[PDB]
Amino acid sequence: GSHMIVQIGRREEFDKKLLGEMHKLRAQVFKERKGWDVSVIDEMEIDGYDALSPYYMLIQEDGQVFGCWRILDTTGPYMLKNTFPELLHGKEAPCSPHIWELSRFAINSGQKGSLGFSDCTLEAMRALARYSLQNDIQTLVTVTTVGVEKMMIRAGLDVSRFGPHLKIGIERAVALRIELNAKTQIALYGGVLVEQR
């Protein structure tokens, strides 16, 4: 009713309408960014990875998607391995059921973002790291910018890079590994996450 709702699930679990607002948000963010292998179809940023069984995280507020993130198994194709392999610096692309890739961070930038943005991200990572840890994941990898990298090294996460950042489009982009260990967990939650069964 005025609070934040976060959903995390497989593409198939979300209503064609929510998906359409997610991809519109990604278009509002990524439209005509060059170098990020973007395709906008009918005002929606959607690509072949979306047809590979991704998970999505959506943050909502007053009935609208304000932020979204995509998650891909590293046992299948993912953007670091198959779109941005230069950022690997010749290292091997991870491939494991315990590691996932994040991509397509998109946050509505307008007036109606009622939480902030340093934090919007915080909240997303809290929900994301937990969903991942409960699905036996130890590591998140992603291609993002140097900006988000520092935002994350500052928030305390344990974050390391595969190699030097590179100019992608108008950005300085880098491939990160985000360990979901104790240090991350404590940064995110104030301590070690404990799940009950």
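Residue positions are given as counts along the sequence shown, with the first one as 1.
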Residue range whose averaged C-alpha B-factor is higher in the record, 140-148 or 31-39: 31-39
Which of the two stretches, 44-52 or 62-70, shows the higher mean Cα temperature factor in the record? 62-70
Residue set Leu87, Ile99, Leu115, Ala106, per-entry CA B-factor max assigned to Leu115
Where the record places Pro94 (Cα B-factor, split into thirds across the chain): middle
Can you tell me whether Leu122 has a C-alpha B-factor in the lowest, middle or highest third compared with the other modelled residues of the same chain? highest
What third of its chain's C-alpha B-factors does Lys24 belong to: lowest, middle or highest? lowest
So, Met57's CA B-factor, relative to its chain, sits in which third? The lowest
Hey, what third does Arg154 fall into on Cα B-factor, ranked over its chain? highest
